[PDB]
Structure formats: C-alpha cells, structure tokens
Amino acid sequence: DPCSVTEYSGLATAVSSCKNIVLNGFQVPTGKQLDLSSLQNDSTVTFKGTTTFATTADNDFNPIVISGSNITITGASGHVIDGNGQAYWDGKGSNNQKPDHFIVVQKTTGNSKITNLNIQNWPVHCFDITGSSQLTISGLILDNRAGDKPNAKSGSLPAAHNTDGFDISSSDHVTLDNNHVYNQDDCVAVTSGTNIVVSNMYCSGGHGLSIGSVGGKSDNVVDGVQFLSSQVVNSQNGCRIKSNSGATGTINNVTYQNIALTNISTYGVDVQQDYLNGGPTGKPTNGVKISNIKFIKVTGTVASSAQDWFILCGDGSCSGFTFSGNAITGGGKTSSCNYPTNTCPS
C-alpha cells in the first residue's frame, strides 16, 4: 500500500500519488524534511504511532512543511509527534544550531484544517503559518514542559527558549480554536494578517497572547484579530500588543474578550510602541497606528511582581481603546498608562 507510509523512503511516493495518506510512526532521518508541501487537493494525512526526528543542528532547517488546498492533517488515538527538542535546547533559543521552525504551514488554502495533533518536545518555534487562507487549527496539544527545566547546556536557565506555539503572518481567515500550549514564549503571535480568530485557547508557561512585534517586516498590517474565551496562566504577559521603534504599519480591530489570567509575572496587559531589538527603549514612536483595541472581561489574578496594566503609545498613534468589565488584579507594581488617559483601569 503506497498510501500507508512506514518509513521515510515511502513518503514522497504517497504525497505524489495519494489522496488519503497514513504515517505510521517512523523516524525522519537527519537533514530530511517531512515534506507535505505537494499534497493533492482534498487530501488527508493521518498521523499514527510515534513520529520522531534525527538530529539536524541547522538554524535554517524546517522538519515539517505543509501546503495544499482543502487538505486535512489529523491524528489518530495515541499518536505522538516528537520534535527531538532535547537534542537542541541550550537555554538560548533562536539566539548551537537548532531548527527555528518546527512546522511550516505555507500557502494552505481552501478550508484546510489541522486537527487533534499531539506534539511534544519541539526545538524552537512550533507553528509558522504564512501565506495561507481559510485555515482551521483545532484540538492540538503542544507540550514543551520538558523544556522548563535546565539541562546540561543551559546553566541556570530553562533549556527551552523562544518556543512560540503559533506564529501567524501574511494570512487571512485563520482560526485557532481549542488548543493547549505549554511552552516558554508566545502562545500565539500575530505579526500580520486579517480576520484572525483565536478562541478557547489554554496557554501555560509562555509569554501570552500577542500581536507583534509589528513593523519593519515584509508585512506590517494586522487587521481584525479576536482573542476570545481563553486562559493564560503561569506566563510573562496576559494580553500583549507591541510595535517596533522607528517602524511604520497598522494594528487595527483587535479584541481580547473573556480572557482569564492566573500568575502572570510581568504585565496583565501590555501595549507598547518602543521595542528595539527585542527590548523596550522607553521612547515610543508614532509610525505604527494602533486603533480599535477592545479589552472586554480580561479578569483574574497576576503575580505580585507584575503590573496589572502597561500602555506606552506614541504621539497620536493610538486611537479608540475600549475597556469593559476588566478585573486584572494582584500586581504589586503600580500600573502605567499614557492612553487613552494617564490613569489605568487597575
């Protein structure tokens, strides 16, 4: 059966010829890509057993790539996709070479879906979604909890770093629903896109639900993102919007609605326009417009180390912020906002 893949050598044949493909749980050899970029229209790929990867210490290497139209990638009971993360982690993340993108979803269109995948131990960023349209990703568990501890190369630091769950760019009508992410960086990060929906997420250990950092990239327009009915726990931030200093662009129509926070270390809500090379400058610029941002029923408790709210907009670059029913409490550092007024909600 050419459509039932039991070893890497049989994959290409199946992708070329088959509309229903089963991957039975094998190790992908070093430097070799689990290449689903040529999937036929209306094809289905089902993961079974445990899929593993040999070590490929290469920043530019992408282990799994997905592309096609009206495709389905899904998982059967008991399946596991292991990303060999333990072989790479060194406390420093994207800064020892490590494949930067574990799964690339590119040019995937036409009501495609990725459902019910069980993924653990991935090297750096997990999903990189790009150039796609009408895509649903639902029911996934991304478990990188094994990276929380230090290892033989990370000194005192957590071994896994920069382990974003879902990065989205240059995509339209993407829905992320009912996914669990245990990681060490952004649960979701949207740097560009339109009509993005992120619903029923459970995000633990990372940096929260984020727009940005926007600006200076190939696409610098974010328009219409909804973060709905989600949990953020044990994370650096709850809700976050960032734009890069000196850049131009637009963040418009972003809603955080019914977001529950527990044990947030740094910012309940964080909106700032002063980011320069992954760090704040304190001097926001006004080339990136941020407009029609709603925080509706963002509630819960943040850690004593945190500020409940932080807003640092540039001059005239922020407009139309709406606050309703929020209850972010517990911060021991006084909150700080410069828009809409000089006072925060909490």
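So that there is no doubt, residue numbering starts at 1 and follows the sequence shown.
### Task
Count up the deposited residues without coordinates from residue 156 to residue 157 and drop the result into none, 1 to 3, 4 to 9, or 10 or more.
Gap between residue 156 and residue 157: none.
### Task
Would you mind comparing 79-87 and 249-257 for me and telling me which has the higher average C-alpha temperature factor in the entry?
Comparing averages over the C-alpha atoms only gives 79-87.
#### Entry: Residue range whose averaged C-alpha B-factor is higher in the record, 148-156 or 195-203
Mean B over CA atoms: larger for 148-156.
### Per the PDB entry, maximal CA B factor within 224, 238, 215, 110
The record points to 110.
#### Entry: Record-listed C-alpha B factor of residue 327: chain third
As the PDB entry reports it, the C-alpha B-factor of residue 327 lands in the middle third of its chain.
### Query
Among the chain's modelled residues, which third holds the C-alpha B-factor of residue 316?
For residue 316, the deposited C-alpha B-factor lands in the lowest third.
### residue 68 CA temperature factor, ranked by third within the chain
Within its chain, residue 68 is a middle-third residue by C-alpha B-factor, going by the deposited values.
### Query
Among the chain's modelled residues, which third holds the C-alpha B-factor of residue 278?
According to the entry, residue 278 has a C-alpha B-factor in the chain's highest third.
### Query
Which third of the chain holds residue 289 when residues are ordered by C-alpha B factor: lowest, middle or highest?
Its C-alpha B-factor belongs to the lowest third of this chain's values.
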